[PDB]
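Please read the structure below before turning to the comments.
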Amino acid sequence: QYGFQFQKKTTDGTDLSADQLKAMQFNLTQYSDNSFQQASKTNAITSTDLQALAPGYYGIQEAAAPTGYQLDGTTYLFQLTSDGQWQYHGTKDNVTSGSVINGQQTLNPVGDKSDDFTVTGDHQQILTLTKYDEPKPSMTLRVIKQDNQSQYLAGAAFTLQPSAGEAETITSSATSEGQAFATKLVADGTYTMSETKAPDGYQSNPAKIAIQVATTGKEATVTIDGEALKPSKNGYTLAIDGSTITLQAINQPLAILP
């Protein structure tokens with residue numbers, strides 16, 4: 001009994017299923033003519049969902065990809081026929097003549113991975129289109145531990161406290177390189193950086209770094225203690241070389257009493 005389906009896939013290789021169907025949305029339209037100019041019925045359909053189709057003209061599109069991968073607004077067109085053959089007519093960009101889908105027609109690709117309508121089923125009466133999602137733009141946060149004397153310092157913890165998931169503590173290297181955290185910085189995610197511990201005999205820095213990522217995935221929303229700055233306030237320095245916000249921290253030799 002003729003039906004349709006879509007498995008969702010990640011180029012990152014990232015198996016995100018926790019909050020994938022979270023905001024993931026897929027619209028199937030049932031177009032009236034092969035022209036696809038006019039849409040008679042339309043309705044949502046999910047990863048786990050198989051939906052009977054009478055013969056007709058039809059588009060499949062994503063209107064909401066899961067949080068942290070950008071939408072491919074592309075509507076892929078196809079057709080089921082009175083006989084039982086599945087064809088393929090392209091995108092509402094450029095509407096193809098309609099080529100019978102025998103086994104598979106490769107589709108528009110996102111990165112290395114490429115989408116394809118693939119015809120399973122005993123009587124080959126089941127179209128499944130795999131939609132690859134491209135992992136959304138990401139940030140990298142790197143830290144450089146620096147004393148009063150411009151001398152690199154190590155054993156200086158700096159904790160990355162995210163909104164959710166494991167909080168991460170790097171220990172600073174005494175390197176011009178420094179240290180970047182094990183946890184890349186999500187778009188539309190919110191985080192706190194604080195000196196986890198003073199490096200032994202230097203003064204603690206109590207003030208907390210706030211970093212908020214825009215839905216864009218390059219965003220500069222950061223307000224340590226009370227306020228925010230243009231990229232050294234509070235001995236905290238920020239440097240942006242695109243993908244990476246880097247922080248350089250000057251410690252204070254603990255004030256000593258006779």
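Laboratory data are not the source of any read-out in this text; all were calculated from the coordinates shown. Here Cβ is always computed from backbone atoms with ideal geometry, including for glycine, and neighbour counts include all displayed protein chains.
Candidates are the residues of the range 215-256 that are assigned to a strand (DSSP E or B), of a type outside the set (D, E, K, R) and over 24 Å from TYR202 (Cα atoms); the one that is nearest to the chain's Cα centre (by Cα) is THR244. For the range 15-45, the set of residues classified as surrounded by 14 or more Cβ atoms within 10 Å (Cβ to Cβ) and hydroxyl-bearing (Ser, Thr, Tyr) consists of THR29, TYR31, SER32, listed by residue number. Within the range 213-251, the residues that satisfy the criterion of being in contact with a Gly (Cβ under 8 Å, 6 or more places away or on another chain) and more than 15 Å from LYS184 (Cβ to Cβ) are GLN248, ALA249, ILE250, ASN251. When you look at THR175, is it among the β-branched types (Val, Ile, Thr), part of a loop (DSSP other than H, G, I, E, B) and under 23 Å from the mean Cα position of the chain (by Cα), yes or no? So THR175 does not fit the description; no. Inspection of the range 120-129 identifies at least one residue that is in a loop (DSSP other than H, G, I, E, B), surrounded by 13 or more Cβ atoms within 10 Å (Cβ to Cβ) and among the polar types (S, T, N, Q).
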